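Next up: a single chain in structure tokens, the form deposited in one PDB entry.
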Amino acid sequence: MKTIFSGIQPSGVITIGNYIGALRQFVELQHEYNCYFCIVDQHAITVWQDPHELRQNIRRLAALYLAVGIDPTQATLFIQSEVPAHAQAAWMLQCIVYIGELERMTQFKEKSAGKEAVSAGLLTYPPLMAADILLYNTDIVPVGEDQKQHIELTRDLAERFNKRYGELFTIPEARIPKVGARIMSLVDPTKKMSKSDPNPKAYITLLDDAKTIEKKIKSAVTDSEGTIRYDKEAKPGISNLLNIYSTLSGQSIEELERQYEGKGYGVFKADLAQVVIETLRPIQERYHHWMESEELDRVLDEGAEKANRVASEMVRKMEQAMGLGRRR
């Protein structure tokens, strides 16, 4: 069995595009793979964070992952800062990465934009991410092309350590098993839907209430043709809505096209709004149950204990290879 590690940024609340692209399939994948889901609060403070908002977003994210079907007895769900091994191994990895390798990172050259003076944490983001992955002998990281450079560095650091001290790390690969449709912004169908869009009409989050879902689908961009047909280059907006509808309803695009022959966009959108609301309502109900239950803290307590068991053993092996500490 292969191991999967997903780091989850707390600040952002899940969009349907994330759910459809890379999260929903994990409800079943968690039984075929050994899955780690890690809320990276330590990565979150590499930029400016309001403390109360960060704490609430950490909890909300855990409750959301449980609400969608992540099973804490099949997968390991935990908060990064509650496993000290991540900080310990990130320091050891800082000691084998070259400064030049960090300065070259594209994400660091961005994010450094209209800031002038930036935190050292933004430069050492990648070693901590490599540590997150490598501590669990991860085989697969479910990320897209925007994280390619970070995965390359992770693979470089694993190989450098293995060749300097002896084989210890698995060399991870970037891959989203059973990847879903790539869902685009409702406002700009050529841009991917993302939780950081400055236009809130661009995304629907898993926590949007019905009125908001209705208004956002209502304003979603289409075209002037009035024909429900998949054509990504000439009808990117309609094509995107067909991808959301198809995956959330279980009907193929061809069947939706046949279904809507002769119909305009008004009735197709009102049907899509209902499909989304019906998808999120159960998730939102279980979510509210988790957020008001003591079982959420107990679940996260054991997630961190089970993660620490694996990661603290890897730290012991790294320290032993590098000369740290004693063996007594």
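Numbering starts at 1 and follows the sequence shown. Take the two forms, superpose them, and find the largest set of C-alpha atoms that agree within 1.5 Å; that set is the rigid core. Residues that one form lacks are left out of the comparison.
Q: Should the higher mean CA B-factor in the entry be assigned to 284-292 or to 60-68?
A: On average, C-alpha B-factors are higher across 284-292.
Q: For the C-alpha atoms alone, is the average B factor greater in 108-116 or in 236-244, going by the entry?
A: Comparing 236-244 with 108-116, the higher mean C-alpha B-factor belongs to 108-116.
Q: So if I compare the CA B-factors in the entry for 157, 131, 221, 123, which one is the largest?
A: If I rank 157, 131, 221, 123 by C-alpha B-factor, first place goes to 221.
Q: Among 250, 127, 189, 166, which residue carries the highest C-alpha B-factor recorded in the PDB entry?
A: In the PDB entry, the greatest C-alpha B-factor among 250, 127, 189, 166 is found at 250.
Q: Among the modelled residues of its chain, does the C-alpha B-factor of residue 262 lie in the lowest, middle or highest third?
A: Its C-alpha B-factor belongs to the highest third of this chain's values.
Q: Pull the Cα B-factor of residue 22 out of the PDB entry and bin it into the chain's lowest, middle or highest third.
A: It falls in the top third of the chain.
Q: Ranking every modelled residue in this chain by its Cα temperature factor as given in the entry, which third contains residue 143?
A: According to the entry, residue 143 has a C-alpha B-factor in the chain's middle third.
Q: Using the B-factor values recorded in the entry, state whether the Cα atom of residue 11 falls in the lowest, middle or highest third among the modelled residues of its chain.
A: Residue 11: CA B-factor falls in the highest third of its chain.
Q: Just say lowest, middle or highest third for the CA B-factor of residue 32 relative to the other modelled residues in its chain.
A: As the PDB entry reports it, the C-alpha B-factor of residue 32 lands in the highest third of its chain.
The following text describes the form deposited in another entry, which does not appear among the structures shown.
Q: Which of the listed residues (96, 123, 153, 176) moves its Cα by 2 Å or more between this form and the one not shown when the core is kept in place?
A: The only residue crossing the 2 Å threshold is 176.
Q: C-alpha of residue 112: shift of 2 angstroms or more between this form and the one not shown, rigid core aligned?
A: Passes the 2 Å threshold, so yes.
Q: Over in the other structure, so in the other form, do residue 114 and residue 99 pull closer or drift farther apart at the C-alpha level? The difference is 3 angstroms or more.
A: Closer together, which means the C-alphas of residue 114 and residue 99 are at least 3 Å nearer in the other form.
Q: If I superpose on the rigid core and flag every C-alpha moving 2 Å or more, which consecutive runs of 3+ residues come out between this form and the one not shown, in sequence order?
A: Moving stretches, in sequence order: 110-116, 176-181.
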